[PDB]
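Below is one structure; the comments refer to it alone.
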Amino acid sequence: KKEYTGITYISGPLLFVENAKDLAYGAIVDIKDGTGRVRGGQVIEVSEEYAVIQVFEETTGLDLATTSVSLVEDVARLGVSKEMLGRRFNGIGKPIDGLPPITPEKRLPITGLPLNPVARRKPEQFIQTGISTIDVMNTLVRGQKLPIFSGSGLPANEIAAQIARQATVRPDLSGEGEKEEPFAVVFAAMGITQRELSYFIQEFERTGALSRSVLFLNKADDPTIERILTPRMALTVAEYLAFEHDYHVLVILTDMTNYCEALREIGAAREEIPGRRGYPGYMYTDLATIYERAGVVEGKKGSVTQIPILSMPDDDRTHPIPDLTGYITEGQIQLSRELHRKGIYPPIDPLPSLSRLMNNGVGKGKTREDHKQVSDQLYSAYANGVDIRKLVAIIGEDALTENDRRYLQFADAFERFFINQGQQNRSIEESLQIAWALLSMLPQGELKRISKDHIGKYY
Amino acid sequence: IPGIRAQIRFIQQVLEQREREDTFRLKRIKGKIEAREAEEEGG
Amino acid sequence: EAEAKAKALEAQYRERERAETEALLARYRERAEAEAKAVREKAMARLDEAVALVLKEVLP
Amino acid sequence: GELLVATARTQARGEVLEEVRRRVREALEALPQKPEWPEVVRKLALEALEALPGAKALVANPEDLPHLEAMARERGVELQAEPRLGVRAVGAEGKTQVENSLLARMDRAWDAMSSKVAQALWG
Amino acid sequence: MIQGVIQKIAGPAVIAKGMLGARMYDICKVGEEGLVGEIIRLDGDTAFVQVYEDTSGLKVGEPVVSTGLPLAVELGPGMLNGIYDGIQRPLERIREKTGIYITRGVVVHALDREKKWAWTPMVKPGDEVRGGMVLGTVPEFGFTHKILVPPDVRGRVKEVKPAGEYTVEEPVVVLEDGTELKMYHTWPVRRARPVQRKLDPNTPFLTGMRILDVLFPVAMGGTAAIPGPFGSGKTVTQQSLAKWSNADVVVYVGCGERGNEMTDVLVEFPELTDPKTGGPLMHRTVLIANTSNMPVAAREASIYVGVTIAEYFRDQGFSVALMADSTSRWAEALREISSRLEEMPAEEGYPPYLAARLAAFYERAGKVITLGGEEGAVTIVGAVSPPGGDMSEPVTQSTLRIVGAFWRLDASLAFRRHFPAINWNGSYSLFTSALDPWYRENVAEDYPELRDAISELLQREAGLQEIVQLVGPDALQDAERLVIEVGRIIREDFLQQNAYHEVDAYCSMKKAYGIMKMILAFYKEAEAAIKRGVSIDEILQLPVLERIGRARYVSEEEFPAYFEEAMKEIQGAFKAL
Amino acid sequence: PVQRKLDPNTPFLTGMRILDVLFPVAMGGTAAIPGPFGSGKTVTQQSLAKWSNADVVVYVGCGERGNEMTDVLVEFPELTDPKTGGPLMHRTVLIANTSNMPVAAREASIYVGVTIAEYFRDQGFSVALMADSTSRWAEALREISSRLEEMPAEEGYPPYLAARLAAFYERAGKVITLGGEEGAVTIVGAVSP
Ligand SMILES: Nc1ncnc2c1ncn2[C@@H]1O[C@H](COP(=O)(O)OP(=O)(O)O)[C@@H](O)[C@H]1O
C-alpha cells in the first residue's frame, strides 16, 4: 500500500500529494492522516510529480504533517453478483440493504463501451406496463428509450415506482409464453428527500416487490460526485443481467437533471472549458453513450427496455437537457400540471406525448391487429373534441350540432374515465375494452379511424 | 404575432453574446495562473 | 339485495384474506429463522478450515 | 415470503463469514509474540524492503523489530523506531513511505475473495 | 496551535507562516484587534488567512496562531431572550462596553458563567449515562430547559450535585472518568447532530394564516422557499409567522439585515404577546441577528448557528421554528471569495461550491425523532432574494426537490391591497398530501375536500382568462362572471390577511372552514339560480355577498354564529329573488 | 484531381417522376431536403437509389440511432437493383456512425465517402452521395471545437463554419477525370431539421 505524503497545497476539493508516475488514470486511494481519516478522492489529472485528487470531505482533523496513501485501488469498479438481488443501495452502492456483500461472480468496470453496431436490431416486441394510456397511445416495446418529460412539483416520481411495481414483462398474446423471460427491475434514484425515500421503502418493501429489484440512489445530501457514477452502476450491471443472462429489463432513471447539475460543479472549478449553457459538450457524448444499451442483440431477447426519466424546468425542450435527449431518444411522454390537478392517473399529455417506435411489437393478435387504428382512432377522436371543449363559452352545446357536442362529451369521457385510472392495474386487453366502449358513445357515423368491421367487434 | 416574435429574437442573441466575455475574461486569468503555476512537474 | 348479499361477501373477503395472508407470514418467518440457521450449520463444521486458510495467506 | 427467507439465509452466511475473518484477524494480533514469530518478522520486513527502491531504515514495533536481525544487519542496518501488524519501510525522500500491513493483507484477501472464501465455507 | 504571525503581507486573506500540520477550516487567534482566521487553503507552513474582522493596519509579523479546532456555539442556558451576534456575542454586553456603536475586540461571554442558575441531581454515581440524557434543571420561563448529557461527551457518573443555583460552567456531575458534566457546551457549528432515527411530517405546522396553511398547508417538520423580489415583498411578509406558529422554540434569525427592521424585530419582540405564554415572544425566541455591515463570514455564521441550535433543540424535541432571511447575500458572501481567491467560479460569478454549500445542510432535519427520544421539528423557512429577479437563478434549480414549499411574489399585485396576491402555480408545496389523514379527522373529512373545491375553479378559471384577454364578458355564456367574481372573494376576505387588519390578525382552521361553506353555498345557490335561468347581476347585487365580505372582518370566535346566519341570508337574497 | 470538372447539366434520373420533373438534379452539385421524424423519409433514399441513375451508392450515419443505424444494412439487399438483377448492395460502399462513436470517427465519417467517391468517380463511376442528419454532424464539430482554446465566439457554432462546408460541395460535377471519363457526384443535403 503505496504511501505518499507530499501534500503540498490543499485547495477546496482538490489536493496535491507528490509522485504520479506510477499511476493509471481513473484512480482512487485513501489518504489517511494522523487521524487516519478516510475521505476518499479520485485521483484525477495525473501530472508527473504530483497528482490531483479530488476528494470529497472537509479536511479537518487533518495534518499536513502526517499524510500518506494506503494505495486502495486505482481502477476500482464493482465486482458483481447478479444473484445478489435483495440489494438496496445508495449511490455507488454500499448496502442500504444492510445484507452482507456480494460474491464477485465477475468484476465490472463500469465503462466497457456499449454494444456492437452489428449487434443491435430494430424493435419487434411489445411489453405491457400495467398502464393503459401508456401502452395505447404510445406503446411499450422492448429496447425502446422512452423519455418521460416531467416538470416541477409533480408526482412523476410516484407514477414511476408505481407503474414500476405494476409491471410484468409480457408478450404472451403474441403466441409466446412468458416462462423464459426474466424480469429485471433495476431502480435508481438520486437527490432523495426524507419523504420520498420512504415511499421507496414503501413500494418494494410493501410486500416482497424487491422480489425482482435493486435500489441505488445518491441523495442530494450525498456528494454530487458519487452521484455521477451512481447510474453507471446499474447501467453496467444491467448488461450483466440481461445481456449476459437474459432478463427483460427496466431502466428507471430519475431526473438526470441532477447528474448534470452535479456535473457542472466539477468543471466549474476544474476550469472545464464551457460550452453552451456554460456547459461544455460531452453531455452530448455521455448522453448518447448511455442509451445505446437499447436494441436487440443477437442471441439475446434479453434486451433492455429503457426509461430515461427527467424533467424540464420551464418545460420546453429549450434546455439542452431535453433537447439532447429529444434528438436521440425514441419518444416523449409528458405530464401536465393541469392533468394532475384534474386528477388523472396517469396524467399524461396527448399530442405532446408519443412512443416513436411501436408498430412492430403490436398488432397481429399480439394486442389485435386492430391496436393501430385504435391508437389513431382515439387520438383524433379525442383531439377533435377538445376543439369543442375550447369553444364553449363562445358557443355551447346548443349552437353546436349533436355530433360535435358528443365530441365534447367524448373528450370528457375520455379523459375522466380512461386516462384517469387511479392506481388500478389494468390489463392491456382490459385497456382496449374501454376504448371501444367510449367510442361507442359517438356513432360509427362519428367513427372511422378504425374500420367499422373492427369497431363492430366491440361496439 | 410577428412583433412579439421579434422581441424574443432580439433578447436571445443579446443575452448570448455577453456570454463570450464570461469565458474570455475568466480565460485570460486561467492562462496567467497556469503559466506561472503549472510547472510543478518540473519542480 | 344484490348490494346486500355482496356486502355479506365483503366481510369474509377482508377477513379470510387477512387471516390467511397474516398466517402465511407466520409460516414464512418462522421458517426464515430456521433456514438462516441451517446455512450457519453447514458452515460450523467446515469453518475452521476457512480460518486456517485465510490465516495462511496473510501470515508471512 | 420467499424474499424473507432469502434475506434470512444470506444474512446468516455473513455472520459466519465475518466470524472466520475475525479469527484470522485476532490470530494475526496473537502472532507478534509467537515463538515462530521472529521468523515472520523479517518476511514482511523484507516484503516491504522490496517495495522501496529507496531505503532509510526498517521500522517495526517491539514484539517485532527487536526480533529482526536479518535486516537489522541489512538495509538501513537498523531496527529504528516503532510504528506490529505489518512492516513498513522508509526511503528515498518523502512521498515514498509505503507499507505492507498484515491487517491490510487481511483486508486484501478478505475484501476480494468474499466469494471463494465463501465457497470454501459453502461448497 | 501552529504559530505564525504574518509571513507575507498580502491581502486580508494573508499568508501566515509556521503553519504546517494545519487542519483546514480551523478557528485561530490572529493578530491583536481580537482578530481571528480560518484556514482556507494550505501551502505547508504558509497559510491562507480567511479574514473576518477588519484591519486598517495590515502589515507583516502579526499573530496567526491557530487553534487546531474549529468554531463552536455555546449551547445551554441564556440563549432564549437576548440578542446574539453572528459571533454569538450577546450584543447587549457589547453595547454596554461599546456604546450605541458596535466595536470589536469586545469579546463578551455568551452565556453567564458568572450567575447562579438552578440545577437538580436526578441520577446516581457508580452508574453511567450516555448522550442526551437529563441531568438537572436550569430554568427560565415555563419553557423550562433541563440539561442533558451533551453527546460525544458521555460517560460514567461519579457524583450528582445537590440542586442549587450554580454557574453554567460549574460542573454538577463529575464522572468516574474524572469528567464533568457542566451546564452548557460550546459546540462546532459544522458538526451535525445524530439522532435515534429520522422521523417525517404527516402533521401540519400552522403559521396561523390561510394560504400556506390550508391552501398550501405547512407541514410540521417542513421545508420551504420564497423568492421575494427587491423592495417587493418578503420581509414584511415574513414576521407574523413568528407570532403565529405552534413552535416550541421560535428562532428568529435574519442575515445581512437592515438595522432598522430589527429595531422592529429585536426590540419589538418584548412588546409581543406570546399566546402560549403572555409576555415577550422572546420567551421562546433567542434572537440571533446579523447584518451586512457585519461581516461576510458572520453572514454565514448566523445561519450555521441556528442550525446548531436547531439541532440542540431538536434533540430536546423542541419544534424549531427557524426562519431564514435570504441566502442570496450569503451566496455573495461566498462568491466574493472566489474573485479574491482568484478562482473560477460557477457561472456569472457564482462560486462553484454550491451543491456543496447548500444541499446537505438544508436536508439536515425536520420532525425527526432523536436520541432525546423526541421530535424536533426542524422547521426552517427558506427565503431568497432573486437579485436578478430571474426565474432561472441557479439557486432555484438547486432548490428543486429540497424544499417542501416554494412561492414567488408579484409586485404590483402586492402593491395593491393584497400583498401577497401570488400565483399558486408560482408556488407549490407537495408537502400536503400526507397531512390529509391528519386533516381528515382533526379538522374534518371535508376540510381537505373543500380546499380541493376551490382550486378546481382557480386554475380552470385560466381557461377563461385568456378569452377575457381575447374579448372579455361581452356576451359569453352565463358561466362567465360566475367564476370571475367568485375568485374575487376567494382572495379578498378569504386570503386577504393582515396583521394590521387585526380582525384578520389571525385565521383558524375552522374559520377558514366556516368560510368554505359560506361561499360554497352562495355558489351553489347561484348554480340553481342561473340554471333556472337567472342573470347573475342580481346575484352580484346581494348584501349577503358583503356578509361574506365580512369574513376577514369576522374573527374566528364570532364566526360560528356569524356564518350561521349568512347561510340563510344567502338563501334569502337568492331563492327569493 | 480530375482535370476539368465540366458542366453537370444532364440531370440525374431517380426513377420517381415528379421529383426530378419538378426539381431536377443536374449531375454533381449540392442539394437539400429537410424532413425529420414521422413520414419515414427513408422511403426516398431507398426508392431513389433503387432506380437512381448512379452506378455506386454511398451511405453513412452521424447521429443516427442504433437499431436504425443498422437498418441501413438490412434494407440494402432488400433493395433489388434489377440492373444487377440482385442487390443494390452490389454497387454499395457503406460507412456508418451511430453516435456513441469515437470523437474523430464522426468527423471522418463524411470525408470518407467524399474521398472514396472521387476514386470511383475518377474511374468513370457515378457515385451517389446522400445524407443523414448533416446538421448533426456539426454537433460533434462544436464539441470538438469546444475543448479547445477557441470557441464558438460565433454564435454557438464551431468557427470554421463554412470551412468544412465548402469542399464538401465544391467537389462534384461532370468531371473529365484523370481517367478521362466522368463520375456523377450528386449530393443531397439532408440537414433534416
Ligand atoms: N400582508 C401584507 N399586507 C400589507 N403589506 C404587506 C404585507 N406583506 C408584505 N407587505 C408589504 O411589504 C412591503 C415591503 O416588502 P417586504 O415584505 O419587507 O420585503 P422585500 O425586502 O422583499 O421588499 C411593505 O411595505 C408592506 O407593505
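Cβ from N, Cα, C; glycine included.
What Swiss-Prot annotates here:
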- E:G228, E:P229, E:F230, E:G231, E:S232, E:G233, E:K234, E:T235: ATP binding site (BINDING)
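Feature map: annotations from Swiss-Prot on the structure.
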residue	record	CB count, 10 Å
E:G228	ATP binding site	24
E:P229	ATP binding site	18
E:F230	ATP binding site	12
E:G231	ATP binding site	8
E:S232	ATP binding site	17
E:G233	ATP binding site	23
E:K234	ATP binding site	20
E:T235	ATP binding site	18
Using the Cβ center of E:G228, E:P229, E:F230, E:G231, E:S232, E:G233, E:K234, E:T235 as the ATP site position, which other residues in that chain lie within 8 Å, going by their Cβ?
E:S385, E:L409, E:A411
For E:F230 (ATP binding site), which DSSP three-state class applies?
coil
